[PDB]
Amino acid sequence: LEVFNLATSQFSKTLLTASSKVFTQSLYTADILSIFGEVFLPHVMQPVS
Amino acid sequence: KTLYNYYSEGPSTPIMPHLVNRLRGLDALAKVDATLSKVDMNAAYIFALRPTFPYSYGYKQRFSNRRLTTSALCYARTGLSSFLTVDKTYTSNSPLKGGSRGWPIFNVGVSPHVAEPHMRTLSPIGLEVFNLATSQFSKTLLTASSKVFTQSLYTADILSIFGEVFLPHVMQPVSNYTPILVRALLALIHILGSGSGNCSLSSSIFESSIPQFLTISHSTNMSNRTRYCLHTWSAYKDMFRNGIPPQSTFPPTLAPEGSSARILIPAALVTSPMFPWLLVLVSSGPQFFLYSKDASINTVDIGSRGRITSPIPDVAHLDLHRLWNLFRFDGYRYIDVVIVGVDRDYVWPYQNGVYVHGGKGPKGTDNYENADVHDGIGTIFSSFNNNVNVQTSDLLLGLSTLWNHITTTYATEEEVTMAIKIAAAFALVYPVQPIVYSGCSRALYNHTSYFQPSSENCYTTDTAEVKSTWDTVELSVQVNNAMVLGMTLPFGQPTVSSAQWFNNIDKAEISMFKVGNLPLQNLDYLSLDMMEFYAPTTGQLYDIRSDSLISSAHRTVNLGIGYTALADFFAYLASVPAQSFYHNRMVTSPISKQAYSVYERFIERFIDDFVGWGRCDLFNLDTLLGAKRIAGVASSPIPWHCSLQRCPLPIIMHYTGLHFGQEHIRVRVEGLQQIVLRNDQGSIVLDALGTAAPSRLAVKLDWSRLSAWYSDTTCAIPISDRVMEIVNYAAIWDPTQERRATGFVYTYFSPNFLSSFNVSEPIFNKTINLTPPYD
């Protein structure tokens, strides 16, 4: 949802709502957000499977 | 409305409200009449930049008995699609077949007027910068900035940049992107080539299609170059610490100034292919010259009967200039490119040997301490280097990306429309107008000052088929100079500047008089949009559904031909003679200045009513009145009776609604006059019947009288003998002339040029049948 917000809105921040750095090497850091916004943008726009 | 509606209206009462409602409708038609995104790219370019204008011809005869005529279709086109000159390396002084010794330079200056900005909306980062500007610090004011993303545009440093060098725009967020859109449209049109496919003064030499490959040539003596200085943000900000140095670009810009500007470009966008095309289109131009890679495979020669000769005889020593070379734009003379978000080891990705101030230095060092100035866009951007060969698609990729991004993210539809309307004034280049002369009958030999038939500026080069008897021009040096000096833009303005690259010497003579002016692009808007300081105008990714590059260029060329046609119509209504736009327009007759005075009123009224831009930037009399009659070249003995007319009649009819159908030809009670002349020995020498030509007021009150006037004074032009049917039956009787009798003038096009009208598309290689249908 926050990746979608980054895709559809100009950056603020208030948009960083779910990501955290508490857990090391998890799937919830900012790097994973970058991965999602880079190589999975259409699925972010239209989530299907 | 539709094209069917407009073809059945005709001119009406006041003709200025007419011809502008028609133009707006025709422009609206061109927006939706063809989805060019579903065809091949070359086909789209052909269909956008070279429109066809179908029409049906035909003539009647007095006594027809089993006469067989073909009622076919023809497709009229106007304008030069490129220019053919002698090779830069060519030492002989012999005249080449179809190759001009030089070429015109349409030098455009800088408009003092400012493109009016319109309101924008702040981004959250910009909103917080605004809060910092208008409130005492708290904090609670830091609402959008973050340090999660490294080297992004959302840290506190970018806030400092905005509050330092863009404060007025923070206070009043506005932007206008019309001038860069104008330059982009012109770049596309001049690189590809708009018009009819004619590519020479010879009127019989055509280029088959868009070139596939281009060549870049540099010329120090002939280019119009901009100086560039590359800095990182830290190095650029550090040179203003100890006072203000000379030529400072630091202060913000509301009204752009031609000398010196700064652009702040994020590091992520420097590697975009649009970036060099961004540096071009705001700089001076041209900084390099563009040629078709080889002129043999594209150029053809067309016969009087439509015989295509593919390899023109002397193509080995000819250069095929793009229209890009015939134009000269004044932009910013000095640009400070400031890359934002880079370290002290930053490397210029383009041309080697180029070091960014505050970046990687020559040997191996960081924080380069020199701010080197590079003269010309070619000294950086190796893709613009001398003798570079490039596919046109690769060249245009950056332009298309730039246009798509700007028109979907930064600009509004109004800005794009204004850019189209302005660019249409410089979209096309036309050769000097050729005219013929019927002459006078033998019975009137003693009552005329112009007895013999004649022609002017009628040049052809094909030798395969029969040459037209009216095409008597031979291309000497002085005649070539005169013909180049007679070339015009859509609104009629010529040039008095020209260039020549002969032997091994390149030379340009640039007059202080300019054919027009263009506004500068405020680069602060560009910087702030590229740093996401504004909210985007739209969230769409693609302009295919709205205001694409090719659709915009098609609209621009459509409006440019419309400007040419309406200008010809105005010159007719203002009785502006064709000879007032020749190389010797100043030394021939005092009619020229009066005609300019009358014509400029029509032009300015139209420009204010339709374009809305300040007239003077699009048309003025500076180049007309600064004529340059060169050495000799005597004008042919033709009376000044035909108007300006750069377009064939069917195109003029399309844009004006003028109807010249066969129903206006009389075939069958007394409105004629018996005209009598006597000599000293009381002997009647004329005793002839005549009819009065209509006054322009009568035409104003009844536009069908102009149609009748066409059908009473027009004859089909013969090809092999200089005797028309008309001169055996009719003549012009002007009582206020010292000698009352003259013939007819008849703006001339050429059978070779008219053969190209025989196919729906401007493609002629070998399988095209240009022969007249059914003989």
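Residues numbered from 1 in each chain as written, not as in the entry; some residues may be left out. Chains lettered and ligands numbered in written order. Part of a larger assembly, values for the part shown. Heavy atoms only, no water.

This deposited entry lists cryo-EM as its structure determination method and 2.14 Å as its resolution.

(A) Representation of the overall build of chain B within the structure. Scanning chain B from N- to C-terminus turns up 22 helices and 28 strands. Expected size for 775 residues packed as a compact globule is a radius of gyration near 28 Å; at 29 Å, chain B falls within 12% of this value. Seen along its three principal axes, the alpha-carbon backbone of chain B occupies a region of about 105 × 55 × 50 Å. Of the accessible surface of chain B, which amounts to about 33,600 Å², a share of 53% is contributed by carbon and sulfur atoms. (Helix = DSSP H or I, 4+ residues; strand = E, 2+ residues; numbered from the N terminus. Rg over C-alpha atoms; globule rule 2.2 N^0.38 Å. Areas by Shrake-Rupley, 256 points an atom, 1.4 Å probe, with all protein chains shown as cover.)

(B) Geometry of the overall build of chain A. Looking only at helices and strands, chain A has three helices and zero strands in total. Ordered by position from the N terminus, the helices and strands of chain A form the series α-α-α. Counting only C-alpha atoms and orienting by the principal axes, one finds that chain A spans roughly 30 × 25 × 15 Å. Looking at the 49 residues of chain A, the share that counts as buried comes to 20%. (Buried < 20%, exposed > 50% of the residue type's maximum accessible area, 1.4 Å probe, protein only.)

(C) Fine view of the packing of helix α7 (residues 178-192) of chain B against helix α11 (residues 392-410) of chain B. Residues and elements named next belong to chain B. Running from amino to carboxyl end, α7 crosses α11 at an angle of 150°, the nearest separation of the two axes being 11 Å. For the element pair α7 / α11, the angle class is roughly antiparallel. Like other packed secondary-structure pairs, α7 and α11 cross with a definite hand, here left-handed. Where α7 abuts α11, its residues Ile180, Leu181, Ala184, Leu185, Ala187, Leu188, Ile191 and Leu192 lie against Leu395, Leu396, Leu399, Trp403, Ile406 and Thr407. The residue inventory of the contact of α7 with α11, partitioned by class, reads 13 nonpolar, one polar and no charged. (Axes fitted to C-alpha atoms, helices over the stretch in contact; angles between N-to-C directions. Parallel < 35°, antiparallel > 145°, perpendicular 65-115°, else oblique. Left-handed = near helix turned anticlockwise from the far one by under 90°. Contact = heavy atoms within 4.5 Å. Nonpolar A, V, L, I, M, F, W, Y, C, P; charged D, E, K, R; others polar.)

(D) Structural view of the environment of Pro173(B). Residues and elements named next belong to chain B. Its location among the elements puts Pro173 in the loop between α6 (167-171) and β7 (174-175). Sequence-wise, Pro173 and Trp470 are 297 residues apart; in three dimensions their C-alpha atoms are separated by 62 Å. Setting aside residues no more than four positions away along its own chain, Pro173 makes contact with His118, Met119, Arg120, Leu122 and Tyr534.

(E) The arrangement of the pattern of salt bridges in detail. Residue and element names in this part refer to chain B. Evaluated as defined, the whole model comprises 17 salt bridges over all chains. Between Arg225 and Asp375 there is a salt bridge, and its shortest N-O distance comes to 3.0 Å. Within this pair, whereas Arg225 is found in the loop between β9 (213-217) and β10 (227-232), its partner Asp375 is found in strand β18 (residues 373-375), the two being separated by 150 residues in sequence. Exposure remark for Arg225: the relative accessible area of 28% places this residue in the partly exposed category. A salt bridge links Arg646 to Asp568; the shortest N-O distance between them is 3.2 Å. One end of the pair, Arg646, is in the loop between α18 (622-625) and α19 (649-656); the other, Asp568, is in helix α15 (residues 549-573), and 78 residues separate them in sequence. Using a relative accessible area of 2% as the deciding quantity, one classes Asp568 as buried. Bridged by salt links that share partners, the residues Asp27, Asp547 and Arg555 form one connected network. (Salt bridge = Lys/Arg side-chain N within 4 Å of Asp/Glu carboxyl O.)

(F) How the structure looks around the interface of chain A and chain B. At the interface, eight residues of chain A touch 14 residues of chain B. When chain A packs against chain B, close to 870 Å² is buried across both sides, 68% of that on carbon and sulfur atoms. Interface area lost by chain A to chain B is led by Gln10(A), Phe11(A) and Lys13(A), which between them contribute 69%. Viewed at the interface, chain B and chain A are joined by zero salt bridges. Counting the contacts that link chain A with chain B gives two residue pairs in polar contact. Taken together, the residues that form the side of chain A that touches chain B break down as four nonpolar, three polar and one charged. (Buried area = accessible area lost by both parts, 1.4 Å probe. Polar contact = N/O pair within 3.5 Å; in protein donor to acceptor, adjacent residues only side chain to side chain.)

(G) Seen up close, the pairing of β10(B). Residue and element names in this part refer to chain B. For β10, the buried fraction is high: five of the six residues fall into the buried class. Of the pairings in the sheet, the one linking β10 to strand β17 (residues 334-340) comprises six bridges and is parallel in character. Residue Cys229 lies in a different strand from β17, and its bridge partner there is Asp336. Note: β10 against β18, three bridges, orientation antiparallel. Pairing of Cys229 across the sheet is with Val373, part of β18. (Pairing = 2+ DSSP bridges.)

(H) Just the sheet that holds β17(B), in detail. Residues and elements named next belong to chain B. With respect to topology, four strands assemble into an open sheet ordered β11-β17-β10-β18, the strand pairing being mixed. Single-partner strands in this sheet number two, and they are β11 (261-266) and β18. Each adjacent strand pair in this sheet contributes to an overall mean axis angle of 25°, direction not counted.

(I) The nonpolar core, seen in detail. All names here are of chain B. Membership of the largest hydrophobic core comes to 200 residues, with the highest contact counts inside it found for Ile191, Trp277, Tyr599 and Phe606. With 14 residues, α15 is the largest single contributor of residues to this core. Ignoring anything within four residues of it in the chain, the contact list for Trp277 reads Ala187, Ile191, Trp324, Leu395, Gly398, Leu399 and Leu402. Counting residues in hydrophobic clusters, the runner-up holds 12 residues, among them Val86, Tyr90, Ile312 and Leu320. (Core = buried A, V, L, I, M, F, W, Y, C linked by side-chain atoms within 4.5 Å.)

(J) Helix α4 (residues 124-134) of chain B, seen in detail. Within the span of α4(B), buried status applies to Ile125(B), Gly126(B), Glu128(B) and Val129(B). The buried residues of α4(B) occupy an angular sector of 160° when the element is viewed end-on, so they sit on one face. (Arc of directions from axis to C-beta.)

(K) Highlighting a nonpolar patch on the surface. Together, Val22(A), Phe23(A), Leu27(A) and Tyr28(A) make up a nonpolar patch on the protein surface, roughly 500 Å² of accessible area in all. With respect to the secondary-structure elements, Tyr28(A) resides in the loop between α1 (2-8) and α2 (30-39). (Patch = residues over 30% accessible without salt bridge, like charges linked within 9 Å, V, L, I, M, F, W, Y side chains within 5 Å.)

(L) How the structure looks around the sheet that holds strand β5 (residues 106-110) of chain B. Residues and elements named next belong to chain B. Across the sheet, which stays open at both edges, the three strands sit in the order β16-β5-β24 with parallel pairing between neighbours. Every interior strand has two partners, whereas the edge strands, β16 (327-329) and β24 (516-518), have only one. Each strand axis lies, on average, 30° off the axis of its neighbour in the sheet, ignoring direction. Here β5 runs beside β24; their pairing, made up of three bridges, is parallel. Bridge pairing in β24 links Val108 to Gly516.

(M) Focus on unusual backbone geometry. Residue and element names in this part refer to chain B. Across the junction of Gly285 and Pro286, the peptide omega takes the value -5°, indicating a cis bond. Position of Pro286 among the secondary structure elements: in the loop between α10 (274-279) and β12 (289-292). In this model, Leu19 sits at a positive phi of 70°, which is unusual for a non-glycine residue. Note that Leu19 resides in the loop between α1 (3-6) and α2 (21-32). In this structure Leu19 comes out as buried when scored by relative accessible area, which is 1%.

(N) Expanded view of the side chain of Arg77(B). All names here are of chain B. Inspection of the secondary structure assignment puts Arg77 in the loop between β2 (74-75) and β3 (83-86). For the buried residue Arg77, which engages in no salt bridge, the nearest side chain bearing the opposite charge is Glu761, 8.4 Å off. Only 2.3 Å separates the side chain of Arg77 from the backbone oxygen of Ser756, close enough to count as a polar contact. A polar atom in the side chain of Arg77 sits 3.3 Å from the backbone oxygen of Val759. (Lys, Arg positive; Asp, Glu negative; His and termini not counted.)

(O) Seen up close, the packing of α7(B) against helix α12 (residues 413-423) of chain B. Residues and elements named next belong to chain B. Where α7 meets α12, the closest approach of the two axes is 8 Å, and the angle between their N-to-C directions is 50°. For the element pair α7 / α12, the angle class is oblique. Crossing of α7 over α12 shows right-handed handedness. Counting all contacts with α7, which are made through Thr178, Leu181, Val182, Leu185 and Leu186, the residues of α12 involved are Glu415, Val416, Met418, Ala419, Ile420, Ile422 and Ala423. Its residues placed into classes, the contact of α7 with α12 shows 10 nonpolar, one polar and one charged.

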